[PDB]
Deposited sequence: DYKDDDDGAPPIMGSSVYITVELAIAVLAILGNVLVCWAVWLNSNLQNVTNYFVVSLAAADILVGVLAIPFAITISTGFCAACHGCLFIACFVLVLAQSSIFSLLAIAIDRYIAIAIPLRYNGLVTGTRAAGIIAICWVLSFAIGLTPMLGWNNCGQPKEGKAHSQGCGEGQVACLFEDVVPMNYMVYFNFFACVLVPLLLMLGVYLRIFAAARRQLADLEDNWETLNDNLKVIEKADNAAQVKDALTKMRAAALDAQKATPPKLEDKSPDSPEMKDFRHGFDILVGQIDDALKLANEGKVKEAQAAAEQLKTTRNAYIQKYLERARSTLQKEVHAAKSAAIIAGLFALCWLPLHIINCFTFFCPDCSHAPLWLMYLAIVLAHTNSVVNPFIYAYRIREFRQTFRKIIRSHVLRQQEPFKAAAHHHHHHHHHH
């Protein structure tokens, strides 16, 4: 029963989280700094996210411990302590959304990617996102707060001085802000947009892969057609099919040998020399073994690497949602069901701890899923 015992557990757990969030995310920043292979726009958003998680350990967690005491404070000071974590969560959402878009450009418009997506533009986007996060997270300080309706019975019972309140989250931060503005508009909508981006990434990868396969099968089918010695009409028609595919494959080294060899055979076939056109087409089986098989396999593995990277990013976004959703959902109960008894205090604190735990997990996901990070972590730890 004595409040200090339960508080001791919660504070201890918070501090353990803070240590881990600081240490793992410092390692992330260190790895990007040290390894030029990791210096790319995608990972500038990774660093912005790690910076947000570092600040969860250095500031948000000390603020959360502080506000759990209900200490007397000027209400607007209390608001800052209460809301600063919403800045960090918002910055995390922007960084996650940026990463998802980045991976979409990369898989969907790779020709243009490095042209569109530069480190200087990325740095500007990150600055903007941080500014917007401050404005979203600290909106209660602009007047959308309960500071005009203080709980004077709590204030008095705690001994607070004139004009102070007991600094408690749900006393000062309006739930309509938390539910409608923060959760629905600022969190859930970005998360649904993120989900839509990832679904478009995986559909674009699957489509490009199937086209690689279709274009390859077309080459091989049209060859068997030619060997089914029909008319010059046939050979011609199969070679035209092959040439088109060959450009879809190229347009999308030895493609010149390939298209030349097709053109050579097309001339023979357009001149009614079926057997020499057939003989001419058989040289294709060699250019295909020596060049086109190789281009296909490399294109396949480049794709898979990008699917792999996109899944890693999606995992991080999904873990952000898992960790933060319980708090938002509880707030919905508090707001929408005044007839419901309030979620109990142990559960509130469990949900807070769970949200903070999100700031620990990304460095593990990078180490398990991204060899360049893992390898750089290892060398740093030495």
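Chemist: Which deposited-sequence positions, grouped into ranges, are missing C-alpha coordinates?
Modeler: In sequence order, the gaps with no modelled C-alpha are 1 to 8, 261 to 279, 410 to 433.
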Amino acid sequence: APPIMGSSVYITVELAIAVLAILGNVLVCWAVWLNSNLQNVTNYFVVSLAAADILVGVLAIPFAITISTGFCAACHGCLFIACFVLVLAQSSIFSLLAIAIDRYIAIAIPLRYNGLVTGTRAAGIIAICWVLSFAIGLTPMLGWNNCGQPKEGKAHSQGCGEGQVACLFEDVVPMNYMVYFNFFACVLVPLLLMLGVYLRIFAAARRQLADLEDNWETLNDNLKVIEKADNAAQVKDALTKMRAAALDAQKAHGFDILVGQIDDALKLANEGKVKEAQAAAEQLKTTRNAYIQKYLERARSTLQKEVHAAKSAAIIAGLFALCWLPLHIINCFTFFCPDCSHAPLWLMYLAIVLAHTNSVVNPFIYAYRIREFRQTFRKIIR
From here on, numbers count along this sequence of modelled residues.
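For clarity, a rigid core is taken as the largest C-alpha set superposing within 1.5 Å between two forms.
Chemist: In 8 other deposited structures of this protein, superposed on the rigid core, which stretch sits farther off in Cα RMS terms, 223 to 231 or 283 to 291?
Modeler: Stretch with the higher C-alpha RMS distance in 8 other deposited structures of this protein: 223 to 231.
Chemist: Could you find out if residue 252 - modelled in this structure - is missing from at least a third of the other PDB entries compared that contain residues on either side?
Modeler: Yes, residue 252 lacks coordinates in at least a third of the other compared entries.
Chemist: Which of the two stretches, 34 to 42 or 352 to 360, shows the higher mean Cα temperature factor in the record?
Modeler: Averaged over C-alpha atoms, the B-factors run higher in 34 to 42.
Chemist: Do the C-alpha atoms of 85 to 93 or of 262 to 270 have the higher average B factor in the entry?
Modeler: Higher of the two, by average CA B-factor, is 262 to 270.
Chemist: Using only the C-alpha B-factors in the record, can you name which of 197, 74, 290, 99 has the highest?
Modeler: In this record, 290 carries the highest C-alpha B-factor of the candidates.
Chemist: Would you mind checking which of 181, 255, 130, 80 has the top Cα temperature factor in the PDB entry?
Modeler: Spelled out: the listed residue with the top C-alpha B-factor is 255.
Chemist: Taking the values exactly as deposited, rank residue 297 by C-alpha B-factor within its chain and report the matching third: lowest, middle or highest.
Modeler: It belongs to the highest third of the chain when residues are ordered by C-alpha B-factor.
Chemist: What third of the chain, by the recorded C-alpha B-factor, contains residue 115?
Modeler: Highest third of the chain for residue 115's C-alpha B-factor.
Chemist: Hey, what third does residue 149 fall into on Cα B-factor, ranked over its chain?
Modeler: Its C-alpha B-factor, which the entry lists for residue 149, ranks in the middle third among residues of this chain.
Chemist: Lowest, middle or highest third of the chain for the C-alpha temperature factor of residue 177?
Modeler: It belongs to the lowest third of the chain when residues are ordered by C-alpha B-factor.
Chemist: Taking the entry's C-alpha B-factors for this chain, is residue 211 in the lowest, middle or highest third?
Modeler: It belongs to the highest third of the chain when residues are ordered by C-alpha B-factor.
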